[PDB]
Amino acid sequence: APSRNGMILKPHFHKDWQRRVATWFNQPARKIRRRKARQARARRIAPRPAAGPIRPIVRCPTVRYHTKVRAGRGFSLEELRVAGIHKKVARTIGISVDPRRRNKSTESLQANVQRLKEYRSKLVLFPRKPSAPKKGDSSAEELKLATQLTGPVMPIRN
Amino acid sequence: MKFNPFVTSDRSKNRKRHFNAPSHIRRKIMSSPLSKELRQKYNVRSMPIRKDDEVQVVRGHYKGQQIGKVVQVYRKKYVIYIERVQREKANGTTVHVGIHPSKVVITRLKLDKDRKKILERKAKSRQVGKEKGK
Amino acid sequence: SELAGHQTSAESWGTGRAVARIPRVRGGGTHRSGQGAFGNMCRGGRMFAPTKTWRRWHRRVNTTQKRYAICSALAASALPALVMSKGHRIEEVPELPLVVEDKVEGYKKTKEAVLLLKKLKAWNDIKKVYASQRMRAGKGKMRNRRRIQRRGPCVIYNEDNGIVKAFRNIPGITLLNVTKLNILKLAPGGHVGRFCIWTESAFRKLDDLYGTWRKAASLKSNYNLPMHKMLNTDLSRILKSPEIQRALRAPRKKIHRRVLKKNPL
RNA sequence: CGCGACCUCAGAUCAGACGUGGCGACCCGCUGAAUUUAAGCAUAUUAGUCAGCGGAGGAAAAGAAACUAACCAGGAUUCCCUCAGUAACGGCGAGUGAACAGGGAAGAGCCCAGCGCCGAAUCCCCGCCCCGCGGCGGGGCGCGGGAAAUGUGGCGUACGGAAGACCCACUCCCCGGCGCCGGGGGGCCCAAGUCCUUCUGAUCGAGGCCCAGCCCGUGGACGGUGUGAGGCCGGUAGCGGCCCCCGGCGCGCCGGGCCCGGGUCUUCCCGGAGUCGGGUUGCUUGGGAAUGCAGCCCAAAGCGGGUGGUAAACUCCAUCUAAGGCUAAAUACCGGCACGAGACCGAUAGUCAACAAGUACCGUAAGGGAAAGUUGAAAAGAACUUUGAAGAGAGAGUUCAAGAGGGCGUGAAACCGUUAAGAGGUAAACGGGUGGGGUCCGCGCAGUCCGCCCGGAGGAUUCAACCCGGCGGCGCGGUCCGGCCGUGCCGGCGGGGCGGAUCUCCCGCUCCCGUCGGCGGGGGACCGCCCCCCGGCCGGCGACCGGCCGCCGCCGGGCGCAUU
RNA sequence: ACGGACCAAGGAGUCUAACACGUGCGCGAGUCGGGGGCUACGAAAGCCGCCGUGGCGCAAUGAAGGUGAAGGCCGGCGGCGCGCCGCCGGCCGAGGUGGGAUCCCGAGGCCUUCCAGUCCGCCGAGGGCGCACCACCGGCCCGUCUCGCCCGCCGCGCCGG
RNA sequence: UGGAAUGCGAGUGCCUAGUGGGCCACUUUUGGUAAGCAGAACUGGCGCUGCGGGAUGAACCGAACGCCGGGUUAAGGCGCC
RNA sequence: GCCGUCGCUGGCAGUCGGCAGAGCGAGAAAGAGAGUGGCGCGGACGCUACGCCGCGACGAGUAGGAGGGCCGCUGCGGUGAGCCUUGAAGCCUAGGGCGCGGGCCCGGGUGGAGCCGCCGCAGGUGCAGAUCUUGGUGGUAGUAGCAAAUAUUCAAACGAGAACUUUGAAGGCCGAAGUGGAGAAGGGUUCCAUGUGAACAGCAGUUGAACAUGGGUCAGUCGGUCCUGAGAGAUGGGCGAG
RNA sequence: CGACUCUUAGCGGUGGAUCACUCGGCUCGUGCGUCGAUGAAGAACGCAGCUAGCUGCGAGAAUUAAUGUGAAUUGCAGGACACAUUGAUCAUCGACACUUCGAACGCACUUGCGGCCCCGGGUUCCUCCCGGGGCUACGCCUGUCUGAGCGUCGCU
Ligand SMILES: [Mg+2]
Ligand SMILES: [Mg+2]
Ligand SMILES: [Mg+2]
Ligand SMILES: [Mg+2]
Ligand SMILES: [Mg+2]
Ligand SMILES: [Mg+2]
Ligand SMILES: [Mg+2]
Ligand SMILES: [Mg+2]
Ligand SMILES: [Mg+2]
Ligand SMILES: [Mg+2]
Ligand SMILES: [Mg+2]
Ligand SMILES: [Mg+2]
Ligand SMILES: [Mg+2]
Ligand SMILES: [Mg+2]
Ligand SMILES: [Mg+2]
Ligand SMILES: [Mg+2]
Ligand SMILES: [Mg+2]
Ligand SMILES: [Mg+2]
Ligand SMILES: [Mg+2]
Ligand SMILES: [Mg+2]
Ligand SMILES: [Mg+2]
Ligand SMILES: [Mg+2]
Ligand SMILES: [Mg+2]
Ligand SMILES: [Mg+2]
Ligand SMILES: [Mg+2]
Ligand SMILES: [Mg+2]
Ligand SMILES: [Mg+2]
Ligand SMILES: [Mg+2]
Ligand SMILES: [Mg+2]
Ligand SMILES: [Mg+2]
Ligand SMILES: [Mg+2]
Ligand SMILES: [Mg+2]
Ligand SMILES: [Mg+2]
Ligand SMILES: [Mg+2]
Ligand SMILES: [Mg+2]
Ligand SMILES: [Mg+2]
Ligand SMILES: [Mg+2]
Ligand SMILES: [Mg+2]
Ligand SMILES: [Mg+2]
Ligand SMILES: [Mg+2]
Ligand SMILES: [Mg+2]
Ligand SMILES: [Mg+2]
Ligand SMILES: [Mg+2]
Ligand SMILES: [Mg+2]
Ligand SMILES: [Mg+2]
Ligand SMILES: [Mg+2]
Ligand SMILES: [Mg+2]
Ligand SMILES: [Mg+2]
Ligand SMILES: [Mg+2]
Ligand SMILES: [Mg+2]
Ligand SMILES: [Mg+2]
Ligand SMILES: [Mg+2]
Ligand SMILES: [Mg+2]
Ligand SMILES: [Mg+2]
Ligand SMILES: [Mg+2]
Ligand SMILES: [Mg+2]
Ligand SMILES: [Mg+2]
Ligand SMILES: [Mg+2]
Ligand SMILES: [Mg+2]
Ligand SMILES: [Mg+2]
Ligand SMILES: [Mg+2]
Ligand SMILES: [Mg+2]
Ligand SMILES: [Mg+2]
Ligand SMILES: [Mg+2]
Ligand SMILES: [Mg+2]
Ligand SMILES: [Mg+2]
Ligand SMILES: [Mg+2]
Ligand SMILES: [Mg+2]
Ligand SMILES: [Mg+2]
Ligand SMILES: [Mg+2]
Ligand SMILES: [Mg+2]
Ligand SMILES: [Mg+2]
Ligand SMILES: [Mg+2]
Ligand SMILES: [Mg+2]
Ligand SMILES: [Mg+2]
Ligand SMILES: [Mg+2]
Ligand SMILES: [Mg+2]
Ligand SMILES: [Mg+2]
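Chains as they are written, first to last, in the deposited numbering: chain L, 2 to 159; chain Y, 1 to 134; chain C, 55 to 319.
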């Protein structure tokens, strides 16, 4: 029964909510497990970056966020085509590919095209057969300096 | 302090594993120290008590300098029976008293092929740790 | 258990059978038949308001307050009166705070650690921890809490090069990394004034860790020392000062007890 | 009539395989209430929930847009935070109630049919030969059998693809065997007191163990042992030691398969139908002129179709490409195997179950379902004598204790026997007030203690004052020297860090002709703050001191030898 | 009138969510890392800052389209006829009345042998600045109504102010 | 000359439990033959409240209560209890 | 007189000492003011300021509210150089005391291994009731009762023991629709021998269907086994989310 | 007097509270994440020198083999020409073994009836009797064999 001035409340506890309570007492143990799988993965792919493939820049939708850019899913075929990277070869050398994404304007297209070219300039590529270098592979001098990268690749900033 | 995640210091878990220990484990539990002479000679501190060892009782009512032979290792009861460590019942017969192995000192070891093999391994491990500190 | 007391088919006999109306166990042929069930007044029933795993066990404490609590602990740790009043035997330590050279960060053997505490006169505090070792009264003994003792000195280091292992076997000693200080360790029981020992490197990072008043903290993104509400806590100097003593009226210290009324007639 | 092909369909204890049932905490597909709330109740809520049925796996399901949007756009699925108790639904009452965007966990993409072209280039089974053979495989040979043109394999799938031409560039990628080289399971081990006195039934207790401080300590977790134990035992610590097995990652040989790619032109090809969509019905949803699903009827198209959250027509836009398929991870886990812990319970508690417990026992059955831990350190568990038919006793003996005697630790209350004391016809009990008697207590029974003073007897590490040494307090030392030092102020060619939505020769990429501009990346100047260095004023040293001098006080040592 | 023969042990306002107000602490026009991540007790604690996305607060108002929180004075010009409106440049400036803790000034006044006149204090009629808060009157923003005259322009409008 | 007497420090704001069966007496009073009946007004009580008196008693009369000593009273009493 | 509450939002930092000078309770504003000229070495207590001190008034209480508990219970962080086999918890006590009280301390006894004070934290935290739960025990009470179906007696034996067992002799009953001799269903070892006389057999027992130790059920022909009855129930098929 | 009754106390009973203990619960977290026609889960019945239950096991039955271990198991007894490379005991567990029912499978559920093949003993090759061993369930896929059709055809 209401009693003097008070908010009218409608708690949603008319079901069997106690049968479906999700406690979080495993949260620290989940955090350890997730971290331990990040470390074993970083060791597994080294010297490849721990973060993962390089992501593109994209503008957030809607008028509430379009002033901001962030990391998108993957570079588009137009972007890769203009940057002279084969779409099937892109994933092998750390580049993400997004066949769905469309380039509507040039400036956004160019920004990702340049981002690719900068990334290709920082790529240190180990030969397929270590004793038998090939055309595109990095020189043996710059392979001695190849160290794994921490954090997102070429972080995106506003 | 204990740091091994897979070793329990829980009181009840440790007692259940003591009182339900299988025979070949109760043997290891039923170990005795060696006399100062044996300790120096073999470079070993403790041995699993065995039948035909000769021991001194160093605690309790039957403590003294009398060296006696071990006549029975009653593992189920966690006690050993010793020569002359005994008493009489009501009807006058004699009965052994059970001394815990940890409350005696081994003064002579019943040696055979396997006892020597056991003795050497304990000293080899000890000497390794000695050269780790050095 | 959410089932405790509820794993039966008990049912109330209803009124008319000359017994309380508590639900009763069914069937026959055993003692349990016809006994009370469920209710919290019954033997073998369900407790009142059974405890739940989603009790709110954990509490949030504002970072600004937690840092405040670490500054209060450190400030208190440098006053002999408070460290004495925490039970520590620091009657012969050369100085407070006690800062030792950074060499002690590289010790390896427990004997190097024990010997240092004897030369710093922190060994009477260790011996008090040994003397306070005893058994715990109550069920804690059944629950892996059989032994109790009092906390000893706290050793704060900048980087561990065997100091943790060189000290960890001395009863009562607690190691702390200066960049990860803990209020639960610096104020055991909620009381400020634990006796601490600093290495030089640890003592030199405090200003960076918490900032001075003139310079904000360097190792915390945005933090500075809490401001003082009262700059001069010497209440006796304030009161006895000439300035205040000119403004006061003369004290009225004469006592006028009750006068027994005598009849003038 | 007969023989023979195919088609459709039968029978085999035909050769070789496969499914069944269980568990079910988590998962998927169905079916599905009513208690209950609405202060009645019928919609609603309960609730897509209980109960019922089916099917799995270590996860399942989902999943690479017939999506979201309307932005300068995003870009598979799943999970978390928020959106949000919000848009919405609702006898618009009670109540119910998502999504997009944003930030994170994780991150992975792909394959057919069709359209085509390749002499079916494809597959299964049988027998023989070589390797391997406890995951039955690889290679060679068979005018050996069969499936398959009612369509197998290669290329290829909406991100387009194919073929021909010109350029450009290509040698490692895997399969079956064979040999060599650097996480997991199991076993065995690795420090130090049983030192000297001592309490005890027994002790792990207490005291001690030279200057230094018994000894080890990367081991002072825990358990056992006749208390209470770092050092007696097991263990504990240790990038400790040794020994076996499994695995993984690398390096070589034999026999195999593949004869592989990119750019630009030219010509070609390109899609899932009783499905979509529409009507109606029932359920369902927040989804409201109908979110999803299903029955019945109608029933497509190909610049088509779907969506664009209010029905409909006309019209532009935007956005995907349905009616076929596979796919790890992040996520779930009250069952299982194996572990670790706890501000939890402590035998009427905690599981029903600490124990021969889902047992005894009840019910025809579906089902229902307890009670019940503790001698002692050690059985040393009471020989022997005696009364009795015996149960039971009296002695005796063990034990520290039977004042622990086999349902025995302690041993409460109710209730009972007996001993002692007191009392007794208005049931007993009770409050206030005294009195008498008891049990004990004062461990009473010639009664306190202290300061100063007077006087008698004595007796001494003998007083004051002086000297030497040490220590301390204070000093406006009217203004002593030296110091650190101001969350003080001034002067700095002072040597630097932090921050700035204050300004500004070098470089990476790009538009334009070798030139000229924009983005992004760097100096430098400037300002605010801070730290460090030097000079000047005042300034603290009471959260922060040394040396001299002075005064005072205290102590140690001399001397004072006695009207003190 | 109902429960209560007696004794032991057990036995009943708890925990989760939401809200309101009060109190305490921290910071403060901000504040909060709770989700994520980094680096025996410890599943703790510490850090993030281009992890503050986000929540709440900093803006209201309307069904909504939407709009969205002080003025006056001086000089010149323009229109009407000293005043009014439109337009231009310089000055001041977040209202006022009543009460109002505290604070401020100070007529006069606080003695010693007696006169003068000083330094520090202290009481004080009267007069001031007036905190919070309240009452009242103005003003400003959004919805609606009534009246009425103007100003703008890339779109001269069923436009906008 | 704070413009009658008397007495007294006032104002104000949040949060808030229990209650929401009452009953009785003087006086007034409706229905009823009346009722220890039903229903009203005012005040005071009982409820929630002991205490002296009415022998006894929810309400009558006196008087309201911390634990005490002395004194004196109220309403009521003083043959004996 | 004493206890508490309330009020005075009362007083005390002035313990200002030989670097000294003791006061500010008093009817009636504001300075125990500052100046310039005309021998001994001594002096109680206080002040956990959340403390201490003074003065005045008052004190009913259900429902209900609030405050303080150096009231009590269990566990956690600190602390008590805490207590304890020279004796912990628990329990008993015509022992001595403290507090308004919730309660607590000490003495004695029993007991045999652990416990407590203070500062904080936490709660499954305080019982006279609920025809409360479980367990134990009373009075009733040596009481109701051991009364349906005619009935016992004598002698001996064993035996510690005999109304009840056994043998003998009497007297009786069931009276072939039996209190007789056999089976089906059900029981499941109750059957038989020997032993015990603890528990059970509502008195007893030398006895028993009890207990204990050992035995015992023999088939071509007696039944089952086979047949089909009322019926139950696969496959084919049908339905069915299953 | 004294019975009887009441109160208090000592001692003794009845009773099993309290206290101390805890090889049990409960809650959280972690790793793995594994049944079955090659017969699972479950059930029945057996197995020990003395053994009822619990426990373990399956006619090889409180276990065999093997490996590790290294002198017991133990309530009593005993010692196989048991016990130190002629290995007690325990642990491990990869070899072997695993009665009846049970999805449960020759048909049925009474230890009831078969059938097919092989083998061994009866007698004396066949029969016949006895005993043992192996097969004999439903659905379903690939292939095989044998067939059916006034199904569609071709040649006769
Ligand atoms: Mg209410
Ligand atoms: Mg050792
Ligand atoms: Mg329970
Ligand atoms: Mg206790
Ligand atoms: Mg076959
Ligand atoms: Mg209702
Ligand atoms: Mg209701
Ligand atoms: Mg109803
Ligand atoms: Mg629903
Ligand atoms: Mg269900
Ligand atoms: Mg099922
Ligand atoms: Mg299944
Ligand atoms: Mg599985
Ligand atoms: Mg799947
Ligand atoms: Mg997605
Ligand atoms: Mg919100
Ligand atoms: Mg309505
Ligand atoms: Mg719903
Ligand atoms: Mg989203
Ligand atoms: Mg990420
Ligand atoms: Mg094709
Ligand atoms: Mg696609
Ligand atoms: Mg011990
Ligand atoms: Mg000692
Ligand atoms: Mg120990
Ligand atoms: Mg020691
Ligand atoms: Mg060791
Ligand atoms: Mg180890
Ligand atoms: Mg498709
Ligand atoms: Mg429905
Ligand atoms: Mg619905
Ligand atoms: Mg529309
Ligand atoms: Mg799938
Ligand atoms: Mg029990
Ligand atoms: Mg029980
Ligand atoms: Mg229980
Ligand atoms: Mg009990
Ligand atoms: Mg208890
Ligand atoms: Mg007990
Ligand atoms: Mg005793
Ligand atoms: Mg005893
Ligand atoms: Mg005991
Ligand atoms: Mg007992
Ligand atoms: Mg007893
Ligand atoms: Mg008595
Ligand atoms: Mg008497
Ligand atoms: Mg009633
Ligand atoms: Mg009754
Ligand atoms: Mg109780
Ligand atoms: Mg409220
Ligand atoms: Mg608040
Ligand atoms: Mg932990
Ligand atoms: Mg009512
Ligand atoms: Mg009336
Ligand atoms: Mg009435
Ligand atoms: Mg009432
Ligand atoms: Mg009242
Ligand atoms: Mg009254
Ligand atoms: Mg009368
Ligand atoms: Mg009086
Ligand atoms: Mg009278
Ligand atoms: Mg009161
Ligand atoms: Mg008593
Ligand atoms: Mg004991
Ligand atoms: Mg509790
Ligand atoms: Mg009770
Ligand atoms: Mg009778
Ligand atoms: Mg017969
Ligand atoms: Mg008969
Ligand atoms: Mg009888
Ligand atoms: Mg018989
Ligand atoms: Mg015959
Ligand atoms: Mg038949
Ligand atoms: Mg049927
Ligand atoms: Mg058996
Ligand atoms: Mg074997
Ligand atoms: Mg062996
Ligand atoms: Mg039959």
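Positions of the beta carbon are idealized from the N, C-alpha and C atoms, including for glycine.
Find the nearest neighbour of residue i within the set the options, judged by alpha-carbon distance.
{"i": "residue 95 of chain Y", "options": "Y:101, Y:103 and Y:83", "result": "Y:83"}
{"i": "residue 71 of chain Y", "options": "Y:61, Y:62, Y:4 and Y:49", "result": "Y:49"}
{"i": "residue 148 of chain L", "options": "L:132, L:126 and L:134", "result": "L:126"}
{"i": "residue 121 of chain L", "options": "L:61, L:53, L:94 and L:67", "result": "L:94"}
{"i": "residue 187 of chain C", "options": "C:193, C:201 and C:180", "result": "C:201"}
{"i": "residue 143 of chain C", "options": "C:180, C:269, C:98 and C:242", "result": "C:180"}
{"i": "residue 79 of chain L", "options": "L:112, L:37 and L:61", "result": "L:112"}
{"i": "residue 120 of chain C", "options": "C:139, C:270 and C:280", "result": "C:280"}
With a cut-off of 9 Å, does the C-beta of residue i fall near any C-beta of chain C?
{"i": "residue 26 of chain L", "result": "yes"}
{"i": "residue 22 of chain L", "result": "yes"}
{"i": "residue 112 of chain Y", "result": "no"}
{"i": "residue 17 of chain Y", "result": "no"}
For residue i and chain L, any beta-carbon pair shorter than 9 Å?
{"i": "residue 233 of chain C", "result": "no"}
Just confirm the distance between the C-beta atoms of residue i and residue j, as a whole number of angstroms; I'd bet it's less than 8 Å.
{"i": "residue 130 of chain C", "j": "residue 100 of chain C", "result": "Contact doesn't hold; Cβ gap of about 49 Å is too wide."}
Would you list, in sequence order, the uninterrupted beta strand (DSSP E) runs of no fewer than 3 residues that lie entirely inside the stretch 114-162 of chain C? 152-154
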